[PDB]
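Next up is one chain by itself, shown in structure tokens, the form deposited in one PDB entry.
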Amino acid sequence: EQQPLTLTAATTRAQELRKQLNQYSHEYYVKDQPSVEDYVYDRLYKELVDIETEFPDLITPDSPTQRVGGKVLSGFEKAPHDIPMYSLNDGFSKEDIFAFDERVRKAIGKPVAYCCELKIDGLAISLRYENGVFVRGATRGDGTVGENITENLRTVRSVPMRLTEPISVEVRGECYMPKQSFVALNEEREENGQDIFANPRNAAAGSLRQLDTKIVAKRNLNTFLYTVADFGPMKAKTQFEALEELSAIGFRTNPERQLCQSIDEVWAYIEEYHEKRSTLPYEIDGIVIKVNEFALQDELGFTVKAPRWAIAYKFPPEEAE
């Protein structure tokens, strides 16, 4: 009647299972191409649960079991941002975007490539990893202090609990509610006699500021991550490389990005995705245009409030189209 695993064997087996299950969940949710069928995932998941039941000391923050929800907070702790979560300078016309490029070329002394990306209209978040393990999820708040919503963000399946390398990084992006889930949620709320959400941003914000993680788990949320606070531990030397690297290490990144070799290509991208806007399952409020090379971003620097190497081109609001 002796238990088959010693503590030491269970510890090693738990490590293997968490790594394997995190890999399979990433394939399933983020890559959308699972290498194993659900019953194989479920079988390994149950094995891990049984180990954690027998040996509770083996429950770690990177464990897949820590997603399910159940935890209920009394309130959110403040989450300071040591590196500010800044807002970009804005543009609205062709004139503004070509003027941006003129100012960039004035500073750099040559034409420059731009990394062009969709400005995702959700709740801005920062995800902190230490030794490749998810340790803190935070809202932007005012950009200097937000709310610690780590447990809520664990329920968001696209958020990785571990990375493919044991680096310490602070990763910035957006958490949003897909449009199709937003409209379904409002109908559900209508039927439950609850106030409806004005728009998907409010629904994502409301969802992530619930204290009971079980309720947050019921909501459908997703993420796109696009940069980090400090590139030290990273190998990327350009914004486009940065996006590929974040993707490689486990983050969901937006597939619509494009590296533009001229301002004309930048303008054509803006036009392309203004048209495509309606066809996307997530809301965007514009296009972000960034000087691609980090050496050049470093040369341009920042103003008192914003980068001099990036601009946000704003569309009309989602309600208006």
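Sequential numbering from 1, following the sequence displayed.
S.K.: Using only the Cα atoms and their B-factors as the entry lists them, report which of 70 to 78 and 173 to 181 averages higher.
M.R.: If you average the C-alpha B-factors of 70 to 78 and of 173 to 181, the larger mean comes out for 70 to 78.
S.K.: Test of understanding: from the entry's C-alpha B-factors, which stretch has the higher mean, 156 to 164 or 188 to 196?
M.R.: Taking the mean C-alpha B-factor of 156 to 164 and of 188 to 196, the larger value falls to 188 to 196.
S.K.: Among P281, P61, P255, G286, which residue carries the highest C-alpha B-factor recorded in the PDB entry?
M.R.: Among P281, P61, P255, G286, the highest C-alpha B-factor in the entry belongs to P61.
S.K.: Going by the CA temperature factor in the entry, name the top one among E95, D142, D212, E147.
M.R.: Of the candidates given, the C-alpha B-factor peaks at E95.
S.K.: Using the temperature factors of the C-alpha atoms in this entry, rank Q15 within its chain: lowest, middle or highest third.
M.R.: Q15: CA B-factor falls in the highest third of its chain.
S.K.: Sorting the chain's CA B-factors, does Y86 end up in the lowest, middle or highest third?
M.R.: Middle third of the chain for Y86's C-alpha B-factor.
S.K.: Looking at the temperature factor on the CA atom of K106, which third of the chain's modelled residues does it land in?
M.R.: Answer is middle: the recorded C-alpha B-factor places it there.
S.K.: Select lowest, middle or highest to describe the third in which the CA B-factor of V36 falls within its chain in this entry.
M.R.: According to the entry, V36 has a C-alpha B-factor in the chain's highest third.
S.K.: Ranked by Cα temperature factor within the chain, is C260 in the lowest third, the middle third or the highest third?
M.R.: Highest third, going by the recorded CA B-factors of the chain.
This next part talks about the form deposited in another entry, which is not shown.
S.K.: Of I83, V68, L296, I215, which one sits right at the hinge of the rigid motion between this form and the one not shown?
M.R.: Between the two rigid parts, the hinge is at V68.
S.K.: Do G232 and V104 move together or apart in the other entry, judged by C-alpha distance changing 3 Å or more?
M.R.: Here the pair is closer than in the other entry; there, farther apart.
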